[PDB]
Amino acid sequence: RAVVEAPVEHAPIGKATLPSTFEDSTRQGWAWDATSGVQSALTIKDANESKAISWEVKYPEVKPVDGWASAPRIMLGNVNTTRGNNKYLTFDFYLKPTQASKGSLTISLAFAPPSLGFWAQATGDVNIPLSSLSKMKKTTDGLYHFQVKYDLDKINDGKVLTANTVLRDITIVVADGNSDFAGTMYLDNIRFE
């Protein structure tokens, strides 16, 4: 399936770069997957005083039965990197909600390793309940700041990311778990550590 929406003003793709810091005002190789349920503009915006890739999402009130159908699914294609000695992939994730009070966002990480069937998914999905947000302090520019980490030794389906396993693509999915979220999302400093 290809999810298709007319393009509008959006940031240039640039070239795949890790760490991805967006400081050149390009997407540094990040783009929607063809199957991403969100196909709206990807722009570089300031978040917490640094350039970040960003998009808006208003999830449907009627939730699809497939829990990724409505999800932003963004991917770094053809980076062809390896984790090396790094145990984690981590990034800054920011929310600027216009609505957020119930259910949760679940953030998943996957990769496309040509040695492992072009898919390997981190076991450690990260759940962000939206009722938790009210009690978090916002950045000065009014964002909720998360630093999300994935232990790359915990992968599904018995697949193993060796130090030298080539990772052709990296994918991040922000799934709506019965939430009322609407607003802006941002990623920055996507890196291994």
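In case it trips you up, residue 1 is the first one in the sequence shown, and so on.
- Looking at 148-156 and 130-138 together, the entry lists the larger mean B-factor for 130-138, computed on C-alpha atoms.
- When the two stretches 71-79 and 93-101 are set side by side, the higher mean Cα temperature factor goes to 93-101.
- Of the candidates 62, 47, 167, 38, the one whose C-alpha carries the top B factor in the deposited record is 47.
- Placement of the Cα temperature factor of residue 115 within the chain: lowest third of the modelled residues, per the deposited record.
- Compared with the other modelled residues of the chain, the Cα B-factor recorded for residue 86 ranks in the middle third.
- Ranked by Cα temperature factor within the chain, residue 25 sits in the highest third according to the deposited record.
- Placement of the Cα temperature factor of residue 171 within the chain: lowest third of the modelled residues, per the deposited record.
- Placement of the Cα temperature factor of residue 187 within the chain: lowest third of the modelled residues, per the deposited record.
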